[PDB]
Amino acid sequence: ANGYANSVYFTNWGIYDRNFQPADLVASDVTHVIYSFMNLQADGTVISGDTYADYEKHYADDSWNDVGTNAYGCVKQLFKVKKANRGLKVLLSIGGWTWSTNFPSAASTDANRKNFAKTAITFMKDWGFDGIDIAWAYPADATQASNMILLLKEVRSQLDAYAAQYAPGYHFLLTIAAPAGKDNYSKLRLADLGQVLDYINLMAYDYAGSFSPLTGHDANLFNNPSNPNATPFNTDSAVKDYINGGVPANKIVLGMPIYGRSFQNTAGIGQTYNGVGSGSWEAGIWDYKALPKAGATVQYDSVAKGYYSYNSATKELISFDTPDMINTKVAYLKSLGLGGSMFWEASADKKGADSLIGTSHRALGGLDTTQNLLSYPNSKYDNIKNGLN
Ligand SMILES: CC(=O)N[C@@H]1[C@@H](O)[C@H](O[C@@H]2O[C@H](CO)[C@@H](O[C@@H]3O[C@H](CO)[C@@H](O[C@@H]4O[C@H](CO)[C@@H](O)[C@H](O)[C@H]4NC(C)=O)[C@H](O)[C@H]3NC(C)=O)[C@H](O)[C@H]2NC(C)=O)[C@@H](CO)O[C@H]1O
Ligand SMILES: CC(=O)N[C@@H]1[C@@H](O)[C@H](O[C@@H]2O[C@H](CO)[C@@H](O)[C@H](O)[C@H]2NC(C)=O)[C@@H](CO)O[C@H]1O
Ligand SMILES: [Zn+2]
Ligand SMILES: [Zn+2]
Ligand SMILES: [Zn+2]
Ligand SMILES: [Zn+2]
Ligand SMILES: [Zn+2]
């Protein structure tokens, strides 16, 4: 890359209740959109989890009387974004937290890995995307960890062979969503990942919530020796283990949450709580654009480098990232020579000055300007093949 990544996950289910369409992305701030998620079968078959959201939904300017076989849905909307933002690459993300059960089987044989690569790359080239993100949560043992590398090498091989025929000289990107927990990342073939991948999206969040015995920072940088119950994990120990394990610092993109985890009936950070309570869309989880709530004040753990709203009246504490937290995390990643910022996920961000993604863009400065691809002469969709001209 020729600068920092400022990447964001865009969810295909966000077009429904969250009403967040690809045209809603503030694309000027973004180097990579990671389109989430494709589903996976045990025989390695990559499939759409929602054909409506992916390529069937007609937006206002999508003709119900055009000739040929055409892609609509988020695929055409994201191609429009790529046309208007030549420095913005779109990656196809496969798996995710809820859809990782079939990865061990999918990676387990040469035939299943070839089927995974062919079906994944078929979507990528039909939809007019710039690469593939493997979101396998998470390889469980040495067999799975080894098979993950064999799978990534098969995808890399087939991407290079596809480019040689249908996008000569273009480098399709291959990335993973990577775990921040040592129980998970100690099982990975880190040096192999460091060699085969363009980027490792480090999921440096979900450190504490309903699954934690006490209130914790969700995404803190450092251990708090004074209040260690508040920092059950920290980003810094994971980042150092990834780099020392053989992932080059410049390939590590530091993930950051655009949501908070709430703790109810609590005196503060590192302490007893009872329930996670309500959420924006699911129990205990709040969109950043809904934070801080009315009457809550933002406190700061300057050791663990964690911000959290506290409401003295309601006793609600919400761990979440603020614009100031983003400035600190950007200073941190530049200090370690990391590849940039990643965000989960786009729909929850604020607009204007208080955009976490926009704060990251201004704090990073020199963003990746590597050009995307607009030429898909082997796309089965006439409108994509014709670049929506
Ligand atoms: C590799 C890895 O572990 N990545 C982590 C992410 O997976 C994780 O974010 C969470 O991801 C899961 C899917 O993996 C996602 O699940 C979705 O949940 C929503 C409800 O919030 C469902 O949305 C509905 O979809 C239907 C149509 O299918 C709509 O009709 C309806 O309107 C939708 N309702 C709402 C309220 O939006 C999705 O169907 C469902 N998707 C899947 C594929 O199961 C979670 O919401 C994600 N969690 C958060 C907090 O965003 C992430 C954060 O924990 O960590 C990642 O890096
Ligand atoms: C650092 C670490 O290993 N944390 C684990 C958490 O990631 C994980 O919580 C779950 O993480 C998912 C993706 O990161 C979230 O989408 C999901 O909402 C969350 N689960 C719940 C119930 O909130 C848990 C596994 O439950 O283990 C932690 O140790
Ligand atoms: Zn609904
Ligand atoms: Zn139609
Ligand atoms: Zn290359
Ligand atoms: Zn590369
Ligand atoms: Zn800029």
# chains A, B, ... in the order shown; residues from 1 in each chain; ligands from 1
call {"tool": "residues_near_ligand", "arguments": {"ligand": "ligand 5", "cutoff": "12 Å", "atoms": "only C-alpha atoms and all ligand atoms", "output": "CSV table (one decimal) with N, CA, C and O atoms, in the first residue's frame"}}
result
chain,number,residue,atom,x,y,z
A,1,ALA,N,0.9,-1.2,0.0
A,1,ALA,CA,0.0,0.0,0.0
A,1,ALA,C,0.9,1.3,0.0
A,1,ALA,O,2.1,1.1,0.4
A,131,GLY,N,-11.2,-7.8,-3.7
A,131,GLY,CA,-10.5,-8.9,-3.0
A,131,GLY,C,-11.5,-9.6,-2.0
A,131,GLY,O,-12.7,-9.4,-2.1
A,156,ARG,N,-5.1,-17.2,-2.9
A,156,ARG,CA,-4.1,-16.3,-3.4
A,156,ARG,C,-3.7,-16.8,-4.8
A,156,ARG,O,-3.6,-15.9,-5.7
A,157,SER,N,-3.5,-18.1,-5.0
A,157,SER,CA,-3.1,-18.7,-6.3
A,157,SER,C,-4.2,-18.4,-7.3
A,157,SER,O,-3.9,-17.9,-8.5
A,158,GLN,N,-5.5,-18.7,-7.0
A,158,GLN,CA,-6.6,-18.6,-7.9
A,158,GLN,C,-6.9,-17.1,-8.2
A,158,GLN,O,-7.3,-16.8,-9.4
A,159,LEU,N,-6.6,-16.2,-7.2
A,159,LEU,CA,-6.8,-14.7,-7.5
A,159,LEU,C,-5.7,-14.3,-8.5
A,159,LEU,O,-6.1,-13.5,-9.4
A,160,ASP,N,-4.5,-14.8,-8.4
A,160,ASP,CA,-3.4,-14.4,-9.3
A,160,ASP,C,-3.7,-14.9,-10.7
A,160,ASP,O,-3.4,-14.1,-11.7
A,161,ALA,N,-4.2,-16.1,-10.8
A,161,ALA,CA,-4.6,-16.7,-12.1
A,161,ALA,C,-5.7,-16.0,-12.8
A,161,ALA,O,-5.8,-15.8,-14.0
A,162,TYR,N,-6.7,-15.6,-11.9
A,162,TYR,CA,-7.9,-14.8,-12.4
A,162,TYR,C,-7.4,-13.5,-13.0
A,162,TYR,O,-7.8,-13.1,-14.1
A,163,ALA,N,-6.5,-12.7,-12.2
A,163,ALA,CA,-6.0,-11.4,-12.6
A,163,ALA,C,-5.2,-11.6,-14.0
A,163,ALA,O,-5.4,-10.7,-14.9
A,164,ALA,N,-4.4,-12.7,-14.1
A,164,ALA,CA,-3.5,-12.9,-15.3
A,164,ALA,C,-4.4,-12.9,-16.5
A,164,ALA,O,-4.0,-12.4,-17.6
A,167,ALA,N,-7.7,-9.3,-15.4
A,167,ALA,CA,-7.3,-8.0,-14.9
A,167,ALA,C,-5.8,-7.9,-14.8
A,167,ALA,O,-5.2,-7.8,-13.7
A,168,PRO,N,-5.1,-8.0,-15.9
A,168,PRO,CA,-3.6,-8.1,-15.9
A,168,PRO,C,-3.0,-7.0,-15.1
A,168,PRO,O,-3.3,-5.9,-15.3
A,169,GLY,N,-2.1,-7.4,-14.2
A,169,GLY,CA,-1.3,-6.4,-13.4
A,169,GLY,C,-2.1,-6.0,-12.1
A,169,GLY,O,-1.5,-5.3,-11.3
A,170,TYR,N,-3.4,-6.2,-12.0
A,170,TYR,CA,-4.2,-5.9,-10.8
A,170,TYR,C,-3.9,-6.8,-9.7
A,170,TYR,O,-3.9,-8.1,-9.9
A,171,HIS,N,-3.6,-6.3,-8.5
A,171,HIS,CA,-3.4,-7.1,-7.3
A,171,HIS,C,-4.7,-7.2,-6.5
A,171,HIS,O,-5.0,-6.2,-5.8
A,172,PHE,N,-5.4,-8.3,-6.6
A,172,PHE,CA,-6.6,-8.6,-5.7
A,172,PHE,C,-6.1,-8.8,-4.3
A,172,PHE,O,-5.1,-9.4,-4.1
A,173,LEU,N,-6.8,-8.2,-3.3
A,173,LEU,CA,-6.4,-8.2,-1.9
A,173,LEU,C,-6.9,-9.5,-1.2
A,173,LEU,O,-8.0,-9.9,-1.6
A,174,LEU,N,-6.2,-10.0,-0.3
A,174,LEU,CA,-6.6,-11.1,0.6
A,174,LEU,C,-6.3,-10.8,2.0
A,174,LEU,O,-5.2,-10.4,2.4
A,195,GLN,N,3.1,-13.8,5.7
A,195,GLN,CA,3.7,-14.0,4.3
A,195,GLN,C,2.5,-13.9,3.3
A,195,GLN,O,2.7,-13.3,2.3
A,196,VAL,N,1.4,-14.6,3.5
A,196,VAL,CA,0.4,-14.9,2.4
A,196,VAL,C,-0.6,-13.7,2.3
A,196,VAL,O,-1.1,-13.5,1.2
A,197,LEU,N,-0.9,-13.0,3.3
A,197,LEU,CA,-1.9,-12.0,3.4
A,197,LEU,C,-1.5,-10.6,3.0
A,197,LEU,O,-0.3,-10.3,3.2
A,198,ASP,N,-2.4,-9.7,2.5
A,198,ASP,CA,-2.2,-8.3,2.4
A,198,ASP,C,-2.4,-7.6,3.8
A,198,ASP,O,-1.6,-6.8,4.1
call {"tool": "residues_around", "arguments": {"residues": "residue A:103", "least_positions_apart": "3", "cutoff": "8 Å", "atoms": "only C-alpha atoms", "output": "PyMOL selection string"}}
result
chain A and resi 40+42+44+95+100+106-107+136
call {"tool": "closest_residue", "arguments": {"among": "A:297, A:274, A:34, A:257", "to": "residue A:135", "atoms": "only C-alpha atoms"}}
result
A:34
call {"tool": "residues_around", "arguments": {"residues": "residue A:112", "least_positions_apart": "3", "cutoff": "12 Å", "atoms": "only C-alpha atoms", "output": "JSON, numbers by chain"}}
result
{"A": [40, 41, 42, 43, 44, 45, 46, 102, 103, 104, 105, 106, 107, 108, 109, 115, 116, 117, 118, 119, 120, 147, 148, 150, 151, 154, 155]}
call {"tool": "closest_atom_pairs", "arguments": {"of": "chain A", "to": "ligand 4", "cutoff": "12 Å", "atoms": "only C-alpha atoms and all ligand atoms", "output": "tab-separated table"}}
result
residue	atom	partner	partner_atom_place_in_ligand_line	distance
A:51	CA	ligand 4	1 (Zn)	11.5
A:52	CA	ligand 4	1 (Zn)	9.5
A:53	CA	ligand 4	1 (Zn)	11.9
A:55	CA	ligand 4	1 (Zn)	9.0
A:56	CA	ligand 4	1 (Zn)	5.8
A:57	CA	ligand 4	1 (Zn)	6.8
A:58	CA	ligand 4	1 (Zn)	6.1
A:59	CA	ligand 4	1 (Zn)	9.8
A:60	CA	ligand 4	1 (Zn)	11.8
A:61	CA	ligand 4	1 (Zn)	11.8
A:62	CA	ligand 4	1 (Zn)	8.1
A:63	CA	ligand 4	1 (Zn)	7.8
A:64	CA	ligand 4	1 (Zn)	5.7
A:65	CA	ligand 4	1 (Zn)	8.6
A:66	CA	ligand 4	1 (Zn)	9.3
A:67	CA	ligand 4	1 (Zn)	11.3
A:68	CA	ligand 4	1 (Zn)	11.5
A:69	CA	ligand 4	1 (Zn)	9.9
A:70	CA	ligand 4	1 (Zn)	8.5
A:71	CA	ligand 4	1 (Zn)	8.7
A:72	CA	ligand 4	1 (Zn)	7.5
A:73	CA	ligand 4	1 (Zn)	9.3
call {"tool": "residues_near_ligand", "arguments": {"ligand": "ligand 2", "cutoff": "7 Å", "atoms": "only C-alpha atoms and all ligand atoms", "output": "ChimeraX atom specification"}}
result
/A:97,179-181,184,203,205-207,209-211,233
call {"tool": "residues_near_ligand", "arguments": {"ligand": "ligand 3", "cutoff": "10 Å", "atoms": "only C-alpha atoms and all ligand atoms", "output": "list in words"}}
result
residues 16, 17, 18, 19 and 281 of chain A
call {"tool": "write_last_selection", "arguments": {"atoms": "N, CA and C atoms", "output": "CSV table (one decimal), in the first residue's frame"}}
result
chain,number,residue,atom,x,y,z
A,16,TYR,N,-31.8,-3.2,6.4
A,16,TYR,CA,-33.1,-3.5,6.9
A,16,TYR,C,-33.5,-2.6,8.0
A,17,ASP,N,-33.6,-3.1,9.2
A,17,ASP,CA,-34.0,-2.2,10.4
A,17,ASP,C,-33.0,-1.0,10.6
A,18,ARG,N,-31.7,-1.2,10.4
A,18,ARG,CA,-30.8,-0.1,10.6
A,18,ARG,C,-30.9,0.9,9.5
A,19,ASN,N,-31.5,0.6,8.4
A,19,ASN,CA,-31.7,1.5,7.2
A,19,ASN,C,-30.4,2.2,6.9
A,281,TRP,N,-30.0,-2.6,19.0
A,281,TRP,CA,-30.5,-3.7,18.1
A,281,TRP,C,-30.4,-5.1,18.8
call {"tool": "closest_residue", "arguments": {"among": "A:362, A:261, A:305, A:217", "to": "ligand 7", "atoms": "only C-alpha atoms and all ligand atoms"}}
result
A:362
call {"tool": "select_by_dssp", "arguments": {"residues": "stretch 49-199 of chain A", "states": "alpha helix (DSSP H)", "output": "compact mmCIF listing (two decimals) with N, CA and C atoms, in the first residue's frame"}}
result
# COMPACT_ATOMS: atom_id res chain seq x y z
N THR A 51 -29.58 -13.03 -0.93
CA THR A 51 -29.50 -12.67 -2.36
C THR A 51 -30.22 -11.35 -2.60
N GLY A 73 -29.13 -4.49 -5.82
CA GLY A 73 -28.79 -4.62 -4.39
C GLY A 73 -27.57 -3.82 -3.99
N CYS A 74 -26.89 -4.26 -2.94
CA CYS A 74 -25.67 -3.58 -2.43
C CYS A 74 -24.52 -3.67 -3.43
N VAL A 75 -24.49 -4.71 -4.27
CA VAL A 75 -23.42 -4.90 -5.30
C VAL A 75 -23.39 -3.68 -6.22
N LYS A 76 -24.50 -3.33 -6.87
CA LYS A 76 -24.48 -2.16 -7.78
C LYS A 76 -24.22 -0.89 -6.97
N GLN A 77 -24.83 -0.74 -5.80
CA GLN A 77 -24.65 0.48 -4.96
C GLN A 77 -23.16 0.64 -4.62
N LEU A 78 -22.48 -0.45 -4.27
CA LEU A 78 -21.04 -0.37 -3.93
C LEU A 78 -20.21 -0.10 -5.18
N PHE A 79 -20.60 -0.62 -6.35
CA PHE A 79 -19.88 -0.32 -7.61
C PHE A 79 -19.98 1.18 -7.89
N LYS A 80 -21.15 1.78 -7.64
CA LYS A 80 -21.33 3.25 -7.78
C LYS A 80 -20.35 3.99 -6.86
N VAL A 81 -20.21 3.50 -5.64
CA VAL A 81 -19.27 4.06 -4.62
C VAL A 81 -17.85 3.93 -5.16
N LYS A 82 -17.50 2.78 -5.74
CA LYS A 82 -16.14 2.56 -6.30
C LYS A 82 -15.88 3.54 -7.46
N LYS A 83 -16.87 3.77 -8.31
CA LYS A 83 -16.73 4.71 -9.46
C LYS A 83 -16.45 6.13 -8.95
N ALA A 84 -17.10 6.54 -7.86
CA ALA A 84 -17.06 7.92 -7.35
C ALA A 84 -15.87 8.09 -6.39
N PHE A 103 -16.10 -23.75 8.53
CA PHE A 103 -14.73 -23.43 8.06
C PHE A 103 -13.79 -24.62 8.22
N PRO A 104 -13.77 -25.32 9.38
CA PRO A 104 -12.88 -26.47 9.52
C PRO A 104 -13.08 -27.46 8.36
N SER A 105 -14.33 -27.81 8.04
CA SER A 105 -14.65 -28.77 6.95
C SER A 105 -14.25 -28.17 5.59
N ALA A 106 -14.58 -26.90 5.38
CA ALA A 106 -14.33 -26.18 4.11
C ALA A 106 -12.82 -26.16 3.82
N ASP A 110 -8.13 -30.71 -0.21
CA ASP A 110 -7.71 -29.95 -1.42
C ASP A 110 -8.95 -29.62 -2.25
N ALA A 111 -9.88 -30.57 -2.40
CA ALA A 111 -11.11 -30.38 -3.20
C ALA A 111 -11.98 -29.28 -2.56
N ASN A 112 -12.17 -29.31 -1.24
CA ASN A 112 -13.04 -28.33 -0.56
C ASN A 112 -12.39 -26.94 -0.66
N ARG A 113 -11.07 -26.85 -0.50
CA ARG A 113 -10.34 -25.56 -0.58
C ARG A 113 -10.43 -24.99 -2.00
N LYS A 114 -10.26 -25.83 -3.02
CA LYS A 114 -10.41 -25.40 -4.43
C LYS A 114 -11.83 -24.88 -4.66
N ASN A 115 -12.84 -25.56 -4.10
CA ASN A 115 -14.26 -25.16 -4.24
C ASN A 115 -14.50 -23.82 -3.52
N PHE A 116 -13.92 -23.65 -2.34
CA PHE A 116 -14.02 -22.39 -1.57
C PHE A 116 -13.46 -21.24 -2.41
N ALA A 117 -12.24 -21.41 -2.93
CA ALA A 117 -11.54 -20.36 -3.71
C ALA A 117 -12.33 -20.05 -4.98
N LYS A 118 -12.77 -21.06 -5.72
CA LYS A 118 -13.48 -20.85 -7.00
C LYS A 118 -14.81 -20.12 -6.75
N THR A 119 -15.60 -20.56 -5.77
CA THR A 119 -16.92 -19.95 -5.49
C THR A 119 -16.75 -18.54 -4.93
N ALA A 120 -15.78 -18.32 -4.04
CA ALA A 120 -15.52 -16.98 -3.45
C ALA A 120 -15.11 -16.02 -4.58
N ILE A 121 -14.16 -16.44 -5.40
CA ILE A 121 -13.61 -15.58 -6.50
C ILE A 121 -14.70 -15.32 -7.54
N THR A 122 -15.58 -16.29 -7.80
CA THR A 122 -16.73 -16.10 -8.73
C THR A 122 -17.58 -14.91 -8.27
N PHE A 123 -17.98 -14.87 -7.00
CA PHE A 123 -18.74 -13.72 -6.44
C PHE A 123 -17.92 -12.44 -6.64
N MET A 124 -16.63 -12.48 -6.28
CA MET A 124 -15.76 -11.28 -6.29
C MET A 124 -15.74 -10.70 -7.71
N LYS A 125 -15.54 -11.54 -8.71
CA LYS A 125 -15.38 -11.03 -10.11
C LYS A 125 -16.74 -10.72 -10.73
N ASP A 126 -17.83 -11.37 -10.31
CA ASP A 126 -19.18 -11.08 -10.85
C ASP A 126 -19.68 -9.77 -10.27
N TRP A 127 -19.37 -9.52 -8.99
CA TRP A 127 -19.88 -8.36 -8.23
C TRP A 127 -18.98 -7.13 -8.41
N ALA A 142 -4.16 -27.16 15.77
CA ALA A 142 -3.07 -27.15 14.77
C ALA A 142 -3.58 -27.58 13.39
N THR A 143 -4.43 -28.60 13.31
CA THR A 143 -4.97 -29.09 12.02
C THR A 143 -5.69 -27.94 11.32
N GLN A 144 -6.59 -27.26 12.02
CA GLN A 144 -7.41 -26.15 11.45
C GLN A 144 -6.49 -24.99 11.08
N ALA A 145 -5.54 -24.65 11.95
CA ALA A 145 -4.60 -23.53 11.73
C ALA A 145 -3.79 -23.76 10.45
N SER A 146 -3.30 -24.99 10.25
CA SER A 146 -2.51 -25.40 9.06
C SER A 146 -3.41 -25.33 7.82
N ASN A 147 -4.61 -25.88 7.94
CA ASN A 147 -5.61 -25.93 6.83
C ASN A 147 -6.01 -24.50 6.46
N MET A 148 -6.11 -23.59 7.43
CA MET A 148 -6.36 -22.16 7.14
C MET A 148 -5.29 -21.63 6.19
N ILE A 149 -4.01 -21.96 6.40
CA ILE A 149 -2.91 -21.46 5.52
C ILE A 149 -3.07 -22.09 4.13
N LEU A 150 -3.37 -23.38 4.06
CA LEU A 150 -3.58 -24.07 2.76
C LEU A 150 -4.74 -23.41 2.00
N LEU A 151 -5.81 -23.05 2.71
CA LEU A 151 -6.98 -22.36 2.11
C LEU A 151 -6.55 -21.00 1.57
N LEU A 152 -5.85 -20.19 2.38
CA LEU A 152 -5.41 -18.83 1.95
C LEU A 152 -4.48 -18.91 0.74
N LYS A 153 -3.58 -19.90 0.70
CA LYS A 153 -2.65 -20.09 -0.44
C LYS A 153 -3.44 -20.46 -1.70
N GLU A 154 -4.47 -21.29 -1.57
CA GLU A 154 -5.33 -21.68 -2.73
C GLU A 154 -6.05 -20.42 -3.24
N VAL A 155 -6.64 -19.62 -2.35
CA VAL A 155 -7.34 -18.37 -2.76
C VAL A 155 -6.32 -17.44 -3.45
N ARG A 156 -5.15 -17.22 -2.86
CA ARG A 156 -4.10 -16.31 -3.41
C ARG A 156 -3.71 -16.77 -4.83
N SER A 157 -3.48 -18.08 -5.00
CA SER A 157 -3.13 -18.71 -6.30
C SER A 157 -4.22 -18.43 -7.34
N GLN A 158 -5.47 -18.74 -7.00
CA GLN A 158 -6.61 -18.57 -7.93
C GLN A 158 -6.86 -17.09 -8.21
N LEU A 159 -6.62 -16.19 -7.24
CA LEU A 159 -6.75 -14.72 -7.47
C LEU A 159 -5.71 -14.28 -8.49
N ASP A 160 -4.48 -14.76 -8.37
CA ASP A 160 -3.39 -14.36 -9.29
C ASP A 160 -3.69 -14.87 -10.71
N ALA A 161 -4.23 -16.09 -10.83
CA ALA A 161 -4.55 -16.74 -12.12
C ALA A 161 -5.74 -16.01 -12.76
N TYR A 162 -6.68 -15.58 -11.93
CA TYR A 162 -7.85 -14.81 -12.42
C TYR A 162 -7.38 -13.46 -12.99
N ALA A 163 -6.54 -12.75 -12.24
CA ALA A 163 -5.99 -11.43 -12.65
C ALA A 163 -5.21 -11.59 -13.96
N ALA A 164 -4.42 -12.65 -14.09
CA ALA A 164 -3.55 -12.86 -15.27
C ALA A 164 -4.43 -12.93 -16.52
N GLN A 165 -5.65 -13.47 -16.40
CA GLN A 165 -6.57 -13.62 -17.55
C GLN A 165 -7.45 -12.38 -17.73
N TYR A 166 -7.98 -11.79 -16.65
CA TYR A 166 -9.13 -10.84 -16.73
C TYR A 166 -8.86 -9.49 -16.05
N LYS A 182 -5.40 -14.31 23.26
CA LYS A 182 -4.21 -15.20 23.15
C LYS A 182 -4.65 -16.66 23.04
N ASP A 183 -5.74 -17.06 23.71
CA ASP A 183 -6.29 -18.43 23.61
C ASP A 183 -6.56 -18.78 22.14
N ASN A 184 -6.96 -17.79 21.34
CA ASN A 184 -7.25 -18.00 19.89
C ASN A 184 -5.97 -17.80 19.07
N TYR A 185 -5.28 -16.67 19.23
CA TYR A 185 -4.20 -16.31 18.29
C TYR A 185 -2.96 -17.19 18.50
N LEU A 190 1.08 -17.76 12.59
CA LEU A 190 1.25 -16.29 12.44
C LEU A 190 2.25 -15.96 11.32
N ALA A 191 3.40 -16.63 11.28
CA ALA A 191 4.44 -16.31 10.27
C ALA A 191 3.87 -16.60 8.87
N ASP A 192 3.10 -17.68 8.71
CA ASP A 192 2.47 -18.01 7.40
C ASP A 192 1.48 -16.91 7.02
N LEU A 193 0.63 -16.48 7.95
CA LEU A 193 -0.35 -15.38 7.71
C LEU A 193 0.42 -14.12 7.28
N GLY A 194 1.53 -13.82 7.96
CA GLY A 194 2.39 -12.66 7.67
C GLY A 194 2.90 -12.67 6.24
N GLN A 195 3.13 -13.85 5.67
CA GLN A 195 3.66 -13.98 4.30
C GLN A 195 2.53 -13.94 3.26
N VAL A 196 1.40 -14.63 3.47
CA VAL A 196 0.39 -14.89 2.39
C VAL A 196 -0.59 -13.71 2.26
call {"tool": "residues_around", "arguments": {"residues": "residue A:27", "least_positions_apart": "5", "cutoff": "10 Å", "atoms": "only C-alpha atoms", "output": "list in words"}}
result
residues 8, 22, 32, 33, 81, 82, 84, 85, 87, 88, 357 and 358 of chain A
call {"tool": "select_by_dssp", "arguments": {"residues": "stretch 213-373 of chain A", "states": "strand (DSSP E)", "output": "PyMOL selection string"}}
result
chain A and resi 252-257+259-263+285-287+297-301+306-311+316-319+340-344
call {"tool": "closest_residue", "arguments": {"among": "A:323, A:99, A:232, A:306", "to": "ligand 1", "atoms": "only C-alpha atoms and all ligand atoms"}}
result
A:99
call {"tool": "residues_around", "arguments": {"residues": "residue A:242", "least_positions_apart": "2", "cutoff": "9 Å", "atoms": "only C-alpha atoms", "output": "NGL selection string"}}
result
:A and (185 or 190-191 or 194 or 237-240 or 244-249 or 252)
call {"tool": "write_last_selection", "arguments": {"atoms": "N, CA, C and O atoms", "output": "short mmCIF file (atom, residue, chain, number, x, y, z; two decimals), in the first residue's frame"}}
result
data_model
loop_
_atom_site.label_atom_id
_atom_site.label_comp_id
_atom_site.auth_asym_id
_atom_site.auth_seq_id
_atom_site.Cartn_x
_atom_site.Cartn_y
_atom_site.Cartn_z
N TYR A 185 -5.28 -16.67 19.23
CA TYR A 185 -4.20 -16.31 18.29
C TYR A 185 -2.96 -17.19 18.50
O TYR A 185 -2.17 -17.34 17.55
N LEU A 190 1.08 -17.76 12.59
CA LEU A 190 1.25 -16.29 12.44
C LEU A 190 2.25 -15.96 11.32
O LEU A 190 1.98 -15.04 10.49
N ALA A 191 3.40 -16.63 11.28
CA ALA A 191 4.44 -16.31 10.27
C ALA A 191 3.87 -16.60 8.87
O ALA A 191 4.10 -15.79 7.95
N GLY A 194 1.53 -13.82 7.96
CA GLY A 194 2.39 -12.66 7.67
C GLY A 194 2.90 -12.67 6.24
O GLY A 194 3.06 -11.58 5.66
N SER A 237 -0.64 -6.25 24.09
CA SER A 237 -0.05 -7.60 24.22
C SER A 237 -0.34 -8.43 22.97
O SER A 237 0.57 -9.18 22.53
N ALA A 238 -1.53 -8.31 22.39
CA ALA A 238 -1.92 -9.02 21.15
C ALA A 238 -1.08 -8.49 19.98
O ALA A 238 -0.51 -9.30 19.23
N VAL A 239 -0.99 -7.17 19.84
CA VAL A 239 -0.26 -6.54 18.70
C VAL A 239 1.20 -7.02 18.74
O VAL A 239 1.73 -7.46 17.69
N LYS A 240 1.84 -6.93 19.91
CA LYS A 240 3.26 -7.36 20.07
C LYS A 240 3.39 -8.86 19.73
O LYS A 240 4.37 -9.21 19.04
N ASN A 244 5.79 -10.11 16.67
CA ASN A 244 6.94 -10.96 17.07
C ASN A 244 6.74 -12.37 16.51
O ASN A 244 7.74 -13.03 16.22
N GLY A 245 5.49 -12.77 16.30
CA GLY A 245 5.13 -14.09 15.75
C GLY A 245 5.33 -14.17 14.26
O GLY A 245 5.22 -15.28 13.72
N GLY A 246 5.57 -13.04 13.58
CA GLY A 246 5.90 -13.03 12.15
C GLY A 246 4.89 -12.31 11.28
O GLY A 246 5.03 -12.41 10.05
N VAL A 247 3.91 -11.59 11.84
CA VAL A 247 3.05 -10.71 11.00
C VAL A 247 3.69 -9.32 10.98
O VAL A 247 3.74 -8.65 12.00
N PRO A 248 4.19 -8.86 9.82
CA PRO A 248 4.80 -7.53 9.71
C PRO A 248 3.82 -6.44 10.19
O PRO A 248 2.64 -6.49 9.86
N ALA A 249 4.32 -5.50 10.99
CA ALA A 249 3.50 -4.44 11.62
C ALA A 249 2.64 -3.74 10.56
O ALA A 249 1.46 -3.47 10.83
N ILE A 252 -0.82 -5.07 9.78
CA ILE A 252 -1.80 -5.15 10.89
C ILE A 252 -2.66 -3.90 10.85
O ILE A 252 -2.13 -2.80 10.99
#
call {"tool": "closest_residue", "arguments": {"among": "A:7, A:39, A:47, A:227", "to": "residue A:90", "atoms": "only C-alpha atoms"}}
result
A:7
call {"tool": "residues_near_ligand", "arguments": {"ligand": "ligand 7", "cutoff": "8 Å", "atoms": "only C-alpha atoms and all ligand atoms", "output": "PyMOL selection string"}}
result
chain A and resi 28-29+361-362+365-367
call {"tool": "write_last_selection", "arguments": {"atoms": "C-alpha atoms", "output": "mmCIF file, in the first residue's frame"}}
result
data_model
loop_
_atom_site.group_PDB
_atom_site.id
_atom_site.type_symbol
_atom_site.label_atom_id
_atom_site.label_comp_id
_atom_site.auth_asym_id
_atom_site.auth_seq_id
_atom_site.Cartn_x
_atom_site.Cartn_y
_atom_site.Cartn_z
ATOM 1 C CA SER A 28 -14.314 10.087 1.200
ATOM 2 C CA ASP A 29 -12.961 8.800 4.611
ATOM 3 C CA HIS A 361 -8.920 9.739 8.521
ATOM 4 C CA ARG A 362 -7.815 13.179 9.890
ATOM 5 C CA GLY A 365 -3.312 11.800 7.398
ATOM 6 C CA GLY A 366 -1.693 9.954 4.444
ATOM 7 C CA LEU A 367 -4.369 7.361 3.454
#
call {"tool": "atom_distance", "arguments": {"atom1": "atom CA of residue A:310", "atom2": "atom CA of residue A:216"}}
result
13.2 Å
